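The next block holds one structure in the form of structure tokens; read it before the comments.
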RNA sequence: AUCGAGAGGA
């Protein structure tokens, strides 16, 4: 009766932006990234990759409400860096790792199939 | 005193016959007995039936 | 293991098959709201139920 | 619709 459609968790509603960027005014060099129609998968991988960056001072994410489909990622960097650069570099690093993993899994599957 | 209809509403039920409030039936009984008594005065009658 | 992060949960969890029943009391048969609907005849107050 | 009854819920 009040049930939301199942597709609402991954389909952007008309006029909805995938990602929004805001400045965190409490401290310098801090940004809040709001991502719509994403959940713990992307948030967790991005947060961990950001934590791998030595120029990142703070990296965290949360789902404000499980019944909504938004994640907020907060990134603080050193003044010589930018949270936007850190976010972009983290995504690039994750993509590179996934591509390498896919290639090596293909090789391993072929090896196992031949013998 | 006879309360108005809003105090004893008569409701048009599913059957077209109207439904009367309990107060209406009691008032009908009162009117019947009062009329019979008044009849027994305008023409004399035994004190037993009047009582 | 935690589903969101995949980390192990520090405490171990009691888990196993248990017979459960679904009771006839469902929220969609109870949810109710009103904004100026029908009223009673004798008194002009909102109806019941 | 009214009245009554019954079974239930917290």
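Things to note:
- Cα gyration tensor shape of the protein assembly as shown, rounded if a/c is under 1.5, else prolate or oblate by comparing a/b with b/c: prolate
- Rounded Å value of the spacing that divides the Cα centres of region A:28-43 and region A:1-23: 14
- Note on chain A: semi-axes of the ellipsoid equivalent to its C-alpha gyration tensor, largest first and rounded to whole Å, are 29, 25, 10.
- Once the Cβ-Cβ distance of residue A:108 and residue A:58 is raised to the sixth power relative to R0 = 35 Å, the FRET efficiency obtained is 0.40.
- Over chain B, the hull volume per residue, using the convex hull of the C-alpha atoms, is 108 Å³.
- With neighbour counts taken as other beta-carbon atoms within 10 Å, the residues C:19, C:1, A:61, A:81 rank, fewest first, as C:19, C:1, A:81, A:61.
- Each Cα pair under 8 Å and six or more residues apart adds its separation to the average, and for chain A the resulting relative contact order is 22 percent.
- Average partner coverage of B:3-12, which counts Cβ from other chains inside 10 Å: 1
- Förster-model FRET efficiency, 41 Å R0, residue A:96 and residue C:7, C-beta, rounded to 0.05: 0.95
- Nearest 10 degrees, 0 to 90: helix B:22-42 Cα axis against chain B principal axis: 20
- Working note: 222 nm ellipticity from helices only, DSSP H runs with n ≥ 4, each -39,500 (n - 2.57), summed and divided by the residues of the protein assembly as shown, gives -11000 deg cm²/dmol to the nearest 500.
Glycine gets a Cβ as well: all are built from the backbone with ideal geometry, and neighbour counts include every protein chain shown. Since every read-out is calculated from the coordinates, none of them should be taken as a lab result.
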